[PDB]
Ligand SMILES: [Cu+2]
Ligand SMILES: [Cu+2]
Ligand SMILES: [Cu+]
């Protein structure tokens, strides 16, 4: 049910699900609370930020 | 002006430096951390003087 996963530099992951929803886990894979309005760097060199329960990606 | 986002509320975002313009053409600061909808049916938000676009 995961359509996409952002692999973040600090070891955490954000899963985007088929249902529209979004989940985050730390480097150990335990669930995290998702920050809002906080820029997060991916391992493939992009930046994302979460807001209003949506993901925005650097332009 | 290198890039222009046309917004729903009638205003514009320019990247030249970055700034906004109301419907009347009056320039204004670029609102940080605030989501905005483009006439082309996408959403943007700016942070630390960078534009992020709905993924
Ligand atoms: Cu997982
Ligand atoms: Cu202009
Ligand atoms: Cu999130």
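Chains as they are written, first to last, in the authors' numbering: chain A, 5 to 63; chain B, 6 to 21, 25 to 63.
We put the beta carbon where it would ideally sit given N, CA and C, even for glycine.
Buried or exposed for residue i, going by 16 or more other Cβ atoms inside 10 Å?
{"i": "residue 60 (chain A)", "result": "buried"}
Is it the case that the CB of residue i approaches a heavy atom of ligand 4 more closely than 8 Å?
{"i": "residue 57 (chain A)", "result": "Ligand 4 is absent from the structure shown, which contains only ligand 1, ligand 2 and ligand 3."}
Report yes if the C-beta of residue i is less than 8 Å from at least one heavy atom of ligand 1; otherwise report no.
{"i": "residue 33 (chain A)", "result": "yes"}
{"i": "residue 19 (chain A)", "result": "yes"}
Identify the contact partners of residue i in chain B, using a Cβ-Cβ distance below 7 Å as the criterion.
{"i": "residue 23 (chain A)", "result": "The contacting residues do not exist; residue 23 (chain A) stays about 16 Å from chain B at best."}
Ligand 3 heavy atoms versus the CB of residue i: any closer than 8 Å?
{"i": "residue 28 (chain B)", "result": "no"}
Between the C-alpha atoms of residue i and residue j, what's the straight-line distance to the nearest angstrom?
{"i": "residue 21 (chain A)", "j": "residue 8 (chain A)", "result": "7 Å"}
{"i": "residue 44 (chain B)", "j": "residue 31 (chain A)", "result": "32 Å"}
{"i": "residue 55 (chain B)", "j": "residue 5 (chain A)", "result": "31 Å"}
{"i": "residue 29 (chain B)", "j": "residue 47 (chain B)", "result": "15 Å"}
{"i": "residue 53 (chain A)", "j": "residue 11 (chain A)", "result": "13 Å"}
Run down chain A in chain order and give the residues with a C-beta less than 7 Å from the C-beta of residue i.
{"i": "residue 62 (chain B)", "result": "58, 60"}
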